[PDB]
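Given next, in structure tokens, is a single chain: the form deposited in one PDB entry.
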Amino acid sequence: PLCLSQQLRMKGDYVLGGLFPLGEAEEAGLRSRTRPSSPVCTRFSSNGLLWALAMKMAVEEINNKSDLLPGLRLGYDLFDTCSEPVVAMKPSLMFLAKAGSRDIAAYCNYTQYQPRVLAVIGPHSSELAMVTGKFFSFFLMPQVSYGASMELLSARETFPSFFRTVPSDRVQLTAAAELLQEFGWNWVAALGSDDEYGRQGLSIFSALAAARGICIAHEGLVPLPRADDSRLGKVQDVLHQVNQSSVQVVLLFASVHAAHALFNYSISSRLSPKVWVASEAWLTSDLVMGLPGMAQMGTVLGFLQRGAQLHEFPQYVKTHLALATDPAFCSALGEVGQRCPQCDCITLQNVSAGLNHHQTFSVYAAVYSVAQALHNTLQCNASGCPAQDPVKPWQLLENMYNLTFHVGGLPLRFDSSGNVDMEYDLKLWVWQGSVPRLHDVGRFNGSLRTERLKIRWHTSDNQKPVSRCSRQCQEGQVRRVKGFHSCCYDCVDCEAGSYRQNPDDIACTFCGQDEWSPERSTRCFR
């Protein structure tokens, strides 16, 4: 059987934590809890192990490299998360126990603490991001993550050390608000998923869109499917109100499954076409793509992450799969999750699915960010380092903010909040027939530049779907407030006789026959 549990850890000198979803928890025994413990994760999640091998490759690359951390090594501390805090937190406690000792003290302060690891490569889950961030905020442990995207983990408010990769939803939502602004769309009916991801996205977009002058028509949430029934009725109601608001853009900041449910129902009821400014979660997704008859749903165009491919990762995974098979190799290595014989009894076929994924580079980048953070805090130069004293994590915290580290030739730098600065791209779902290929229409760098000549726009004569709110319209009309935020109103022309008594009423008031008053007349004139 393949032998990987032994190699999920190396002694090195400055150990780095790892919280990855190598195995995902079965949905059977989570509910029943009559014994304090975390349910085992005997199942295998291929993408999680791909990520673990990504972290291992990162650490091996720095260790082999001379310039970074000369005369110094970093050790792995891979642990499982199963995307569940209960089975992903006690590893976090392990990460602050002690140098060797397994007990974690509860001191008032943390300066005298000398923790086991330096920086914990944060969890993929954003909920796990919240839990681990709240944990490591007190201890001031650097936690560079690789999946977190919720904007809540931005400021040094409750997460002082969360220098994540994978730029937050704030940047793509600014990009989408800019898209709506230049494309003239302001009567947008934004939508999001019923889970926390869509909730935070839609709050962010409410603020952002109001700032940009584009005001919502229906801020609604689409339930994730699970067992829909009443949630199917809720989906029906949500799309009904979207249609009855008479818009053409629905920015859908919903997870992949909520989008699948929404599109499934819409096609099942032949809902009207419209533009769907998409998230990175379903701009590139097979689930929504594979629904038959989906193509006639407007034009779908969103923003994608421009993360440079980290090649040679499939080569590295293949090399490790082949190499762990030799009995002599890892027997000497032996002389962490997914440790049972069946847990390590994987094969190339079982893991040869993700490979060229865009998050193995995220894990690479996190590891290299902590590597360069140490290099800065330990005052090492080429082929040397004074290394007088052990480094506490808060020293990294001091020297991790505003740190620029060269990864794959990309000079990623951590912003003051903690995020990273990377550009996006406007992927457009053009249809050649049953396969919506994606290609560049516009690149976002904080100032969205779109090629307007590269969008089909469905409809007829490819005219851009116009969705406009008449803000501050003529004096010859009466104003009716419309919109989830009272921004902008709908203009209604006064009828015969009905003289608008004042320019700030809800209707035009009728007068006697003594005066003659045509339409759009405020004062009855004799």
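Definition used throughout: the rigid core is the maximal C-alpha set that superposes within 1.5 Å between two forms. From 1 onward, residues are counted along the sequence shown.
Do any residues of the deposited sequence lie unmodelled between residue 335 and residue 336, and which range holds their number: none, 1 to 3, 4 to 9, or 10 or more? Unresolved stretch here: 4 to 9 residues.
Omitted from view is the form deposited in another entry, to which the following refers.
Large Cα move at residue 7 between the shown form and the other one, threshold 2 Å, rigid core: Shift of 2 Å or more: no.
Core-aligned C-alpha movement of residue 495 between the shown form and the other one, 2 Å or more: True for residue 495: a C-alpha shift of 2 Å or more.
CA of residue 343, rigid core aligned, shift of 2 Å or more between the shown form and the other one: Yes, its C-alpha moves 2 Å or more.
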